[PDB]
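J.: Below is the structure I would like to discuss, written out as structure tokens.
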Number of protein chains: 2
Amino acid sequence: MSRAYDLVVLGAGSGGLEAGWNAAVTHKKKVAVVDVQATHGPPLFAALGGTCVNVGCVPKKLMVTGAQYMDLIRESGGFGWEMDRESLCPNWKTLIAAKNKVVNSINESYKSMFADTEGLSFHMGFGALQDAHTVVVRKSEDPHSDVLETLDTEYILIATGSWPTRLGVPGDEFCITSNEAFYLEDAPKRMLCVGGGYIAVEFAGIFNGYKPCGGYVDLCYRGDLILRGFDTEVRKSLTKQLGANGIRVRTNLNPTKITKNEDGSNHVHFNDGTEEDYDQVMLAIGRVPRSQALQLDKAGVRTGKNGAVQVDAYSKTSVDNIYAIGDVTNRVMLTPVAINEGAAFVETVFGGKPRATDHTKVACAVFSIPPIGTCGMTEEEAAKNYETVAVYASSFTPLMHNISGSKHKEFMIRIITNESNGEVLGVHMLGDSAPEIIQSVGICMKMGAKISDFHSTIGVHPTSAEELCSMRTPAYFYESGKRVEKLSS
Amino acid sequence: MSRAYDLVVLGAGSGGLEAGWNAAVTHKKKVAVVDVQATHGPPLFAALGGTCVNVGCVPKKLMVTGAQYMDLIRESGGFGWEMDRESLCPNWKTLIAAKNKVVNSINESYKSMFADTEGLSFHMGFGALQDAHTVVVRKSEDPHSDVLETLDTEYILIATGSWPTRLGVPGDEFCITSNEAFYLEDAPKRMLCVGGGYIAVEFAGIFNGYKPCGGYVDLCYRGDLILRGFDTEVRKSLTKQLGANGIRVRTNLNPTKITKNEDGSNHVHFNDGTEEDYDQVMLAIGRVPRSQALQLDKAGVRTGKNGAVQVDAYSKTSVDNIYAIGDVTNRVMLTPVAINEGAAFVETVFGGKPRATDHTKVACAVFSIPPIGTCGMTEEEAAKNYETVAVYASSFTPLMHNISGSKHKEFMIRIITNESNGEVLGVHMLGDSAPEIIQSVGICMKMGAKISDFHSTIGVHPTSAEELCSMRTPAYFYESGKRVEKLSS
Ligand SMILES: Cc1cc2nc3c(=O)[nH]c(=O)nc-3n(C[C@H](O)[C@H](O)[C@H](O)COP(=O)(O)OP(=O)(O)OC[C@H]3O[C@@H](n4cnc5c(N)ncnc54)[C@H](O)[C@@H]3O)c2cc1C
Ligand SMILES: Cc1cc2nc3c(=O)[nH]c(=O)nc-3n(C[C@H](O)[C@H](O)[C@H](O)COP(=O)(O)OP(=O)(O)OC[C@H]3O[C@@H](n4cnc5c(N)ncnc54)[C@H](O)[C@@H]3O)c2cc1C
């Protein structure tokens, strides 16, 4: 060797740590991993473990699980479970305490991971580039901060992920994002969620569960229908189900300005001219790659749309020895995707066995209440790219909801196929257990499954998933881009 | 035509109705369907819809769902849900009421199905054979009952299903089975479940949820480990988890005699010499095909082991125009299996397109708490039939159970493969959502999936199912029948 490190990883995230660990253990390389802090929390939020562990998937799901009990406690009544329901609210503070305990516990398991792994070291601070071989770790994000260390490396991996966009509106700084929501002292009584992304929807569901008495949550979106890019029938059925669960969904609406009332709350002026008071206002309107403070110009790494680091199918940047993975590349912003990209990177460069990450037919979930499980193409997209498209659809209400009272809780399955050969192009599910079911669906679609593979499989009874195997007749069709009730040419 | 009916179906069960409906609607045949009664209930229990609808899968799952709330209510505490927990018991009577409402609601939808379907008619009473073309519907099971009608038919389908075996022991008639359990006036305080089948386990879980104060349930099995035929590690981990949830599991034990105490309860003498009092004693020790009262001798249909109607891969009996499907054939006693066998029968005989039911790689579930999801071969079996077998194993505790308190709730996945080519021979799961996940696993295994298909699929995070895709290193091996740690050649 002529260099201090083989790899310097900028960001100890989902992708960062995965790569760093692999190079260190499986290929015995000298890896240095740079992240902002060691444990979760403000004012930096993200930490060792990345967004997912600290202010993402992990804490968000624990809170969804918590909020889910609201429905579950109500539903037990029909089964004979008698208890004082009127004026029953959960303790937000014990939830946040429970959550912090867990997240911090994961943070600490990482410290002793670094301590035990040889060749792997953690370097706390803000990283930035000097040249293709030099990463400077500064005291703060400010480019004139004290240089804490200078890392002389062979390879540089950028895995700094993304960051919430703001509204750019008079009184914008009075709002919170997903970051601050995780650390709220008290559960808001009058909550407003701006946005129509999965984050906006999942959080609306959390606050809806943890609101105090007389509390309510409004979901405000500037478009026609929430969750763009999802199955249209799924989006409409969820909007309907959020309504039934107490979330007031507002459409074609946008905050114009926010002014802070002298009692603490926030006065919000709207698109249509209306005015309302909210105890808290959360912005979930977009997440841009975190690359602006990396001095990428100095090393000459090309950043396209919104600062996204431009990469080929092997994550290589404009500079031959610099790489980038995960949310910073602005592809599919999911944890297991970043993990996969990081795994491929190591296999390619240090394993000598190149591999590109497969970005198509990736299954994902929305942890709304009820949850979404999706994998593949929406009918609208499939119809543009294929000659003949068959749409299968089935809605049903599980029998338990006759007893539970939650008659609004329809399970929905929609299968999208290429009619030519029967190949399944998309699977879209709404209802409980949807995230769990879709995972094994994604294995099938990876194997290039056909609709005949589904209905030939003997079902498991009684389950919600068994309805995948009972869809033979298509609901309708798409003949070269247009919706037809019947098929003939 | 020369005959009154094309098809007479003996039993309006899962398989019976499926066949009957198909012949009638898709092939416009004259179908007569014979079942004992129109709606569920004692003293006949089974009715229009079969065991599954009336005294099986459907009612059993509603009750499991009910009992599941016990854990869910306890678990909400950690998330901030405060309520009076000490001395909290569910109302068994409102559960049974809720159940009855649902089951009888399904019964009623069948009446109007018959009313609207042309060529399909229901004939209430006990059926029996006269010859290859004549089915007599009697007033009762007694062969000297009044003949209600004589059905002159082309084809006869036997789909009368199965019936619980008894203990054959002094005081046996003081015990109940699954049938009577569904109609108990009150939830027993001191409950005993005899057996180690899925039924025994699922019901133990139901009574454990609906027991009053100071109540308890004992599970008594005559063998070493409950649930023979299941993954050994799964069986042990469930035994451990039933224990942790309050069910006292007893092994190598058997009632010797039962005598009724004059206060109502039951005194039970055991195999080891012990004596105990139980408010109710349920036998779940086997289900034999219901064929003894069919006068099969008359028509000359061969009945092998325990009265099972002997059939080839197309369900054809010893008589060329008589057929039999479902539990009466004593193959795989599952609802969707019987449904499939019935569907195949119609396609073969009336559709002119023969098909045999695929009995291998059928996925099933056990709705215990926590539930089992299984599809394929156990390692013990796979090791006997294959050259080289690789065993993959992964246990983990979902993070939510740090908060919930249920630290005993490990999720377990065990994948069994043929090492030669990587083909997945078995998948065995323990934990919540296991029945739902396994369904889409069964599609994969039908397509002949390999272990490489699993870990190449990008995961859905955070879920329990995502752990299927993270099992690369085998735990150990089987080299031509024997357990080896690593593999030598
Ligand atoms: C509210 C929310 C919910 C989500 N839910 C899900 C979900 O359910 N499922 C799912 O798959 N994904 C989910 N995600 C997305 C997921 O968190 C990200 O896609 C994933 O973490 C991306 O991995 P990464 O390694 O690219 O970035 P990250 O995991 O975010 O890692 C980036 C790390 O780099 C550090 N960093 C930033 N700048 C510097 C610097 N200059 N120097 C050193 N270190 C730096 C940060 O501190 C951070 O820890 C969610 C995200 C959010 C915000
Ligand atoms: C407690 C319990 C739980 C179960 N849980 C599940 C589960 O979770 N999943 C699953 O897949 N399976 C489950 N099963 C098994 C499932 O119910 C059976 O395998 C299935 O119903 C068999 O279908 P079949 O058509 O062969 O018989 P059935 O559906 O039982 O139909 C038989 C019908 O024939 C009628 N009959 C009987 N004798 C005569 C006669 N001589 N003349 C006219 N009619 C007659 C009966 O009234 C009955 O309605 C469960 C069973 C039980 C007992």
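Letters A, B, ... go to the chains of the structure tokens in the order shown; residues in each chain start at 1; ligands are counted from 1 in the same order.
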Need the shell around stretch 460-466 of chain A: protein/DNA/RNA residues with any atom at most 9 Å away, counting only C-alpha atoms. Skip same-chain ones fewer than 2 positions apart. Format as a PyMOL selection string?
T.: (chain A and resi 396+398+411+431-434+437+458+468-470) or (chain B and resi 57-58+61+334-336+362-365+435-440+442)
J.: Which residues of chain B sit at most 6 Å from ligand 2, using only C-alpha atoms and all ligand atoms? Give each one's shortest atom pair and distance in Å (one decimal place), in chain and ascending residue order, as CSV.
T.:
```
residue,atom,partner,partner_atom_place_in_ligand_line,distance
B:10,CA,ligand 2,43 (C),4.9
B:11,CA,ligand 2,34 (O),3.3
B:12,CA,ligand 2,33 (C),5.1
B:13,CA,ligand 2,31 (O),3.1
B:14,CA,ligand 2,25 (O),4.0
B:15,CA,ligand 2,25 (O),3.8
B:16,CA,ligand 2,25 (O),5.1
B:34,CA,ligand 2,43 (C),4.9
B:35,CA,ligand 2,44 (N),3.7
B:36,CA,ligand 2,47 (O),4.8
B:46,CA,ligand 2,47 (O),4.3
B:47,CA,ligand 2,49 (O),4.2
B:48,CA,ligand 2,49 (O),5.5
B:49,CA,ligand 2,49 (O),5.9
B:50,CA,ligand 2,49 (O),3.3
B:51,CA,ligand 2,30 (O),3.6
B:52,CA,ligand 2,17 (O),3.6
B:56,CA,ligand 2,2 (C),3.7
B:57,CA,ligand 2,5 (N),3.6
B:60,CA,ligand 2,3 (C),6.0
B:126,CA,ligand 2,42 (N),3.9
B:127,CA,ligand 2,42 (N),3.7
B:159,CA,ligand 2,25 (O),5.0
B:160,CA,ligand 2,34 (O),3.5
B:161,CA,ligand 2,27 (O),3.3
B:178,CA,ligand 2,1 (C),5.4
B:199,CA,ligand 2,1 (C),5.5
B:294,CA,ligand 2,41 (N),5.5
B:325,CA,ligand 2,26 (O),5.9
B:326,CA,ligand 2,26 (O),3.2
B:327,CA,ligand 2,26 (O),4.1
B:328,CA,ligand 2,26 (O),5.9
B:333,CA,ligand 2,19 (O),4.1
B:334,CA,ligand 2,19 (O),3.7
B:335,CA,ligand 2,11 (O),3.9
B:336,CA,ligand 2,11 (O),5.7
B:338,CA,ligand 2,23 (O),5.3
```
J.: Could you pull the residues within 9 Å of residue A:277, counting only C-alpha atoms, minus those fewer than 5 positions along the same chain, as JSON, numbers by chain?
T.: {"A": [190, 261, 265, 266, 267, 268]}
J.: When DSSP works through the backbone of this structure, what residues of stretch 135-373 of chain B end up as alpha helix (DSSP H), shown as a PyMOL selection string?
T.: chain B and resi 178-181+198-210+232-244+296-299+335-349
J.: Calculated over only C-alpha atoms and all ligand atoms, which of the candidates A:140, A:348, A:104, A:153 has the smallest distance to ligand 1?
T.: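 Among A:140, A:348, A:104, A:153, it is A:140 that comes nearest to ligand 1.
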J.: Name the residues of stretch 122-295 of chain A that come out as strand (DSSP E) in a backbone DSSP run; write them as a ChimeraX atom specification.
T.: /A:122-124,126-131,134-138,147-158,162-164,190-194,216-220,248-250,255-260,266-270,275-278,280-283,287-289
J.: Print the selection's residues with C-alpha atoms to a file, as a PDB file, in the first residue's frame.
T.:
```
ATOM      1  CA  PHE A 122     -15.527   5.789  12.292  1.00  0.00           C
ATOM      2  CA  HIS A 123     -14.636   9.467  11.842  1.00  0.00           C
ATOM      3  CA  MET A 124     -17.103  11.936  13.356  1.00  0.00           C
ATOM      4  CA  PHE A 126     -18.668  16.821   8.275  1.00  0.00           C
ATOM      5  CA  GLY A 127     -16.895  15.425   5.230  1.00  0.00           C
ATOM      6  CA  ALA A 128     -15.958  17.274   2.036  1.00  0.00           C
ATOM      7  CA  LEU A 129     -13.708  16.624  -0.964  1.00  0.00           C
ATOM      8  CA  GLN A 130     -10.322  18.122  -1.862  1.00  0.00           C
ATOM      9  CA  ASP A 131      -9.327  15.920  -4.790  1.00  0.00           C
ATOM     10  CA  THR A 134      -8.484  13.327  -0.264  1.00  0.00           C
ATOM     11  CA  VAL A 135     -11.474  13.651   2.080  1.00  0.00           C
ATOM     12  CA  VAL A 136     -11.367  16.376   4.721  1.00  0.00           C
ATOM     13  CA  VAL A 137     -13.443  15.934   7.878  1.00  0.00           C
ATOM     14  CA  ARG A 138     -14.426  19.365   9.228  1.00  0.00           C
ATOM     15  CA  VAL A 147     -10.221  20.463   9.866  1.00  0.00           C
ATOM     16  CA  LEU A 148     -10.472  17.488  12.253  1.00  0.00           C
ATOM     17  CA  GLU A 149      -8.607  15.049   9.999  1.00  0.00           C
ATOM     18  CA  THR A 150      -7.419  14.585   6.422  1.00  0.00           C
ATOM     19  CA  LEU A 151      -8.091  11.140   4.972  1.00  0.00           C
ATOM     20  CA  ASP A 152      -5.735  10.006   2.206  1.00  0.00           C
ATOM     21  CA  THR A 153      -7.700   7.350   0.325  1.00  0.00           C
ATOM     22  CA  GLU A 154      -7.755   5.180  -2.802  1.00  0.00           C
ATOM     23  CA  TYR A 155     -11.547   5.235  -3.305  1.00  0.00           C
ATOM     24  CA  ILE A 156     -14.284   7.658  -2.249  1.00  0.00           C
ATOM     25  CA  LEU A 157     -17.914   6.570  -1.815  1.00  0.00           C
ATOM     26  CA  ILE A 158     -20.581   9.262  -1.475  1.00  0.00           C
ATOM     27  CA  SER A 162     -31.102  13.219   1.159  1.00  0.00           C
ATOM     28  CA  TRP A 163     -32.725  16.101   3.080  1.00  0.00           C
ATOM     29  CA  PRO A 164     -36.278  17.597   3.317  1.00  0.00           C
ATOM     30  CA  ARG A 190     -54.626  20.562  15.720  1.00  0.00           C
ATOM     31  CA  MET A 191     -52.155  19.115  13.228  1.00  0.00           C
ATOM     32  CA  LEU A 192     -51.567  19.992   9.569  1.00  0.00           C
ATOM     33  CA  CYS A 193     -49.639  17.780   7.141  1.00  0.00           C
ATOM     34  CA  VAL A 194     -48.632  19.385   3.857  1.00  0.00           C
ATOM     35  CA  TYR A 216     -57.771  16.406  14.500  1.00  0.00           C
ATOM     36  CA  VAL A 217     -55.338  16.185  11.578  1.00  0.00           C
ATOM     37  CA  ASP A 218     -55.709  17.758   8.135  1.00  0.00           C
ATOM     38  CA  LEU A 219     -53.819  16.471   5.119  1.00  0.00           C
ATOM     39  CA  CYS A 220     -53.230  19.278   2.621  1.00  0.00           C
ATOM     40  CA  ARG A 248     -59.590  15.268   6.698  1.00  0.00           C
ATOM     41  CA  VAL A 249     -57.975  15.139   3.251  1.00  0.00           C
ATOM     42  CA  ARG A 250     -57.765  18.458   1.401  1.00  0.00           C
ATOM     43  CA  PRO A 255     -50.296  27.289   2.403  1.00  0.00           C
ATOM     44  CA  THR A 256     -49.650  30.886   1.284  1.00  0.00           C
ATOM     45  CA  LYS A 257     -48.137  32.220   4.523  1.00  0.00           C
ATOM     46  CA  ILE A 258     -47.775  31.258   8.194  1.00  0.00           C
ATOM     47  CA  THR A 259     -47.767  33.685  11.139  1.00  0.00           C
ATOM     48  CA  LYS A 260     -47.139  32.643  14.743  1.00  0.00           C
ATOM     49  CA  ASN A 266     -49.657  28.790  14.020  1.00  0.00           C
ATOM     50  CA  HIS A 267     -52.034  30.794  11.844  1.00  0.00           C
ATOM     51  CA  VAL A 268     -52.055  29.410   8.295  1.00  0.00           C
ATOM     52  CA  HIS A 269     -53.357  31.227   5.213  1.00  0.00           C
ATOM     53  CA  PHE A 270     -54.423  28.943   2.363  1.00  0.00           C
ATOM     54  CA  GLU A 275     -57.434  30.761   7.360  1.00  0.00           C
ATOM     55  CA  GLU A 276     -56.970  28.241  10.155  1.00  0.00           C
ATOM     56  CA  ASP A 277     -55.054  27.679  13.385  1.00  0.00           C
ATOM     57  CA  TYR A 278     -52.791  24.651  13.819  1.00  0.00           C
ATOM     58  CA  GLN A 280     -48.133  22.214  14.466  1.00  0.00           C
ATOM     59  CA  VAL A 281     -47.523  22.265  10.694  1.00  0.00           C
ATOM     60  CA  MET A 282     -45.429  19.558   9.018  1.00  0.00           C
ATOM     61  CA  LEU A 283     -43.936  19.832   5.534  1.00  0.00           C
ATOM     62  CA  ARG A 287     -36.413  15.219  -0.331  1.00  0.00           C
ATOM     63  CA  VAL A 288     -33.409  16.525  -2.292  1.00  0.00           C
ATOM     64  CA  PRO A 289     -29.962  14.822  -2.365  1.00  0.00           C
TER      65      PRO A 289
END
```
J.: Report the distance between atom CA of residue B:443 and atom CA of residue A:444 in Å, rounded to one decimal place.
T.: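 Atom-to-atom, atom CA of residue B:443 to atom CA of residue A:444, that is 7.2 Å.
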J.: Hey, can you check how far atom CA of residue A:371 sits from atom CA of residue B:372?
T.: 22.3 Å
